[PDB]
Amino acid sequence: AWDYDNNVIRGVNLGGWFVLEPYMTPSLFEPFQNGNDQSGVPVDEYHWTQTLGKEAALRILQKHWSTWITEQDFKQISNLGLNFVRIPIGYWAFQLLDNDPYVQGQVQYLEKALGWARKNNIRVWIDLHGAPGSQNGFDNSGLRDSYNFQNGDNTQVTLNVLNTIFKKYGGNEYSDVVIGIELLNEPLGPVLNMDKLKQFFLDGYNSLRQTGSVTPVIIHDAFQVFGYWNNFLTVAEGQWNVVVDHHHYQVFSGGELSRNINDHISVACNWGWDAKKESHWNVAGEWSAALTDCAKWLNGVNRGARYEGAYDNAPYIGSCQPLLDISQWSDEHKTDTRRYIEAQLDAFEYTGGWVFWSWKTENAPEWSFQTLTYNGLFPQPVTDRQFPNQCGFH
């Protein structure tokens, strides 16, 4: 359904839909604030559902699932010249641990989205974004500050959930829409046992192929250096239809944030050069236009921004307030953003393509493809360039 050798992925992630993220839909978390006190705001979906109780959580989520993304969004995505969406979903949509507070019902909408994709000629990756115990401690895994995916029976439960996903979406029924199943979003390499993570990836790969599926297996790079996965799941060992997903950002440390615009561009170009040397097909499954970490709660509920020296002991660079609203951005910030977007697009089209995080947010402009496109900062058509050939690719 896709030619990874000759076609280029031009897509968007459908984040904030099946896995709640406070920075993407702050309206669902803000009612828990007491005046200016954020100490009682649930920090992730686990605590949000637990605090509300099953009845209220299901009532609020049904409304969210039925309105956040609809068929109209798929038509708009196609109309903008995109050909692909990545869909994050948590393990709890398929299986609950004993005592899990989560509610289910996401699968009905996932299945509606696959039909909307088919009707609009859009291809999809299904991405298991949160595993039991958490594979990274981020709020977007469902459970913040916990790193227990490799403890107890959590790896085994994850493989069981993947088997369910393999049988439902890796077979003939969706072979014209599903062009990859991503085994696990952003496992945090540095805090995990890498030998056990490789075994899990291999077990997932073998389990999918054993069902008779020919669907591409997508493995996230686990924050390893470029080339790390070159010798894993290789054609020499009869392992095939494998894609590496690289996520690329320059906002999660003081050093990255302090770079001037030219150095931000040089780094983006280098991502393209280095990905070209890898031996597996690869796609930039996440990236954005952000040059700051100013979006409210991007680092988590009750955490500030490094950009204004309010988090991670980073030095003050600039005030975030003036950057929260795209209408208040200076001409220089608008130009810098457009340059940054174009360099990234050129670098990612140099290999398998790109998937912007994300399609929409309630009010964080750096992270919304819709907002950036409507304000003229994201090229439309996507091949348009106001700053051509910043990287000099051959």
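Numbers follow the displayed sequence, beginning with 1.
Select between 42-50 and 27-35 the stretch whose C-alpha atoms have the higher average B-factor in the entry.
Result of the comparison: 27-35.
Can you let me know which of the two, 83-91 or 228-236, has the higher average C-alpha B-factor in the entry?
Mean CA B-factor is higher for 228-236.
If you compare 309, 272, 130, 216, which has the highest Cα B-factor in the entry?
Spelled out: the listed residue with the top C-alpha B-factor is 309.
Residue selected from 22, 381, 15, 11 by maximal Cα B factor:
Among 22, 381, 15, 11, the PDB entry lists the largest C-alpha B-factor for 381.
Residue 174: which third of its chain by C-alpha temperature factor?
Answer is highest: the recorded C-alpha B-factor places it there.
Sorting the chain's modelled residues by C-alpha B-factor, tell me whether residue 118 ends up in the lowest, middle or highest third.
CA B-factor rank for residue 118: highest third.
Cα B factor band for residue 67 (lowest, middle or highest third within the chain)
Answer is middle: the recorded C-alpha B-factor places it there.
Chain-relative CA temperature factor third for residue 355:
It falls in the bottom third of the chain.
Among modelled residues of the same chain, the CA temperature factor third for residue 59
As the PDB entry reports it, the C-alpha B-factor of residue 59 lands in the middle third of its chain.
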